[PDB]
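> Here is the input, now give the coordinates:
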Amino acid sequence: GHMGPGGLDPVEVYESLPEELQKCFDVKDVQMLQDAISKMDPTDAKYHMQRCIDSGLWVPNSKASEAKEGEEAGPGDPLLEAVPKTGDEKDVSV
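Residues are numbered from 1 along each chain as shown. Shown next is the structure:
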């Protein structure tokens, strides 16, 4: 009914990742990816994983799809200036 948040693309996340991350995905080596996180911070790791899940770019194990919760904001598309463009008002019988 209200679609707004949780709208990230797979390509955006992939391109928004470090050469190491992009190279890790190429080798479909999930094990190697998990290792990289063990070295990185906890907060940073959660952000990276959240992006992959929200972007459906990677499927890390099961029981973890469509990340819920999280601070929302909105889609971003009011569409309104100061005059009614037009609609299906019809010319009444035509």
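> in the longest helix along the chain, what's buried?
In the chain, assigned by DSSP state H, the helix with the most residues is helix 42-54. Buried residues in helix 42-54, counted by 16 or more other C-beta atoms under 10 Å: 48, 49, 51, 52, 53, 54. Any C-beta I mention is one placed from the backbone N, CA and C, and that applies to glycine too.
> what kind of secondary structure is residue 32 in?
Assigned by DSSP: H, G, I helix; E, B strand; the rest coil, the conformation of residue 32 is helix.
> burial count for it?
The number of residues packed near residue 32 is 13, by other C-beta atoms under 10 Å.
> Same question for the one 5 residues further on.
Here the count is done by other C-beta under 10 Å, and residue 37 has 14 residues near it.
> next one: residue 17
17.
> Show me which of the buried residues of helix 42-54 is closest to residue 79.
For the buried residues of helix 42-54, the minimum distance to residue 79 (C-beta to C-beta) is 25.2 Å, reached by residue 54.
> I'd guessed the closest one sits against residue 69; true?
No - contact between residue 54 and residue 69 fails when scored by C-beta atoms under 8 Å: they sit 11.4 Å apart.
> now the nearest residue to residue 49 once chain neighbours are set aside: how far from residue 27?
Distances taken as C-beta to C-beta, 6 or more residues apart in numbering place residue 60 nearest to residue 49, at 6.8 Å, with adjacent residues excluded. Distance, residue 60 to residue 27, using C-beta to C-beta, to the nearest Å: 15 Å.
> Cool, thanks, talk later.
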